[PDB]
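The primary structure of each chain is shown beneath.
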Amino acid sequence: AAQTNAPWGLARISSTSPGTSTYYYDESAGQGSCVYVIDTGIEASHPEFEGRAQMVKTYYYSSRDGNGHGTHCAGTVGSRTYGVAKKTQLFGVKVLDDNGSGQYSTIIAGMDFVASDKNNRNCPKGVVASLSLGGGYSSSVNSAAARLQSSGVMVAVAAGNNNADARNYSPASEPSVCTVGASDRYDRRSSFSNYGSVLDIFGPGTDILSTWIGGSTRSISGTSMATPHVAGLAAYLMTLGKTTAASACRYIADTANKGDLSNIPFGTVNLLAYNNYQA
Ligand SMILES: [Ca+2]
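Residues numbered from 1 in each chain as written, not as in the entry; some residues may be left out. Heavy atoms only, no water.

Asks: Outline the coordination of the calcium ion, listing residues and values.
Replies: Around a metal, the idealised angle for a tetrahedral arrangement of four donor atoms is 109.5 degrees; for an octahedral arrangement of six donor atoms it is 90 or 180 degrees. Taken together, the protein donors to the calcium ion comprise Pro175 (O), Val177 (O), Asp200 (OD) and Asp200 (OD), at separations of 2.5 to 2.9 Å. The motif formed by the donor residues of the calcium ion, counted along the single chain, is P-x1-V-x22-D. Note on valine 177: relative accessible area 2%, which makes it buried. (Donors = N, O, S within 2.8 Å, 3.2 Å for Na, K, Ca; no water. Buried < 20%, exposed > 50% of the residue type's maximum accessible area, 1.4 Å probe, protein only.)

Shown next, in the form of structure tokens:
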């Protein structure tokens, strides 16, 4: 399959060169896999989700996405026009309020909930959790992320937007999960993106157009945008049988475009997420 005039980020994921405009992907498109988007919620009614999105859990007074962040990230995982894995099943867990924040206690609860909830869902090709959030270091938060991973969910987390070593952030610092930096359309490290030895992979993160609330769209930037590129890619490759939840992060690093990125500090991977599609 090919999507012409696709957002730059999706075209990059399936190309060895920057500057192309088509998203070449396999038509399975993540069918049979499920992705929990742990964030502000999802506007499940947006036409771009075609009914594949569902709010399963909220920790506030309502399950609606009043921010837009969760809807934008879910759109990059799985929307028809803006999404990596266009047929995957999306589940929303609202651990962040409509201002974008939430306590570690709630985030840990949401992560533990996904670990057990996945035993009530039909996800034959496997389960992915996308976490585009974080903050200062916490070993309780790291350890929740490690538990989520060890229960058989592919955990992808944002490295954070501080242009610093992500070793001082969580869950970004947890070694057993997949920590995602951000790049821009000219294969430069995005100027805000954290770096360091804990990073596993880079994905597109600057000027990412995706879905938004009110059935609209918009383009924003962050390692929060790079993370669902990688979470969607994992669900894409799990559906294909290329890798498992336990191994997907390491498979994506094995098969990445190597050395292409600019402005990468010594000690940090030069690896850009890539789907290796061959028509
Ligand atoms: Ca890691």
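Asks: Give a description of the UniProt feature "binding site: Ca(2+) 1" in the chain that names residues and reports values.
Replies: Within this structure's numbering, the places UniProt gives as "binding site: Ca(2+) 1" are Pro175, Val177 and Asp200. These annotated residues cover 26 residues of sequence, and their C-alpha atoms lie no more than 9.0 Å from one another, placing them together at a single site. Relative to the helices and strands, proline 175 resides in the loop between β9 (169-170) and β10 (178-183). Residue classification places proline 175 among the exposed residues on the basis of a relative accessible area of 64%. Looking at where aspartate 200 falls in the secondary structure, it is placed in the loop between β10 and β11 (201-204). When neighbours within four sequence positions are excluded, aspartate 200 is seen to be in contact with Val177, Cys178, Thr179, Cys249, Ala253, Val269 and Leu271. (UniProt positions renumbered as here; feature names shortened; annotations may be inferred. Helix = DSSP H or I, 4+ residues; strand = E, 2+ residues; numbered from the N terminus. Contact = heavy atoms within 4.5 Å.)

Asks: Residue-level account of the UniProt feature "binding site: Ca(2+) 2" in the chain, with values.
Replies: UniProt records the feature "binding site: Ca(2+) 2" at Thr16 and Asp260, using the numbering of this structure. In three dimensions, the annotated residues from a span of 245 residues occupy one location, with a maximal C-alpha spread of 8.9 Å. Here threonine 16 shows up in the loop between α1 (8-13) and β2 (23-24). Of the residues examined, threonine 16 reaches a relative accessible area of 52% and is grouped as exposed.

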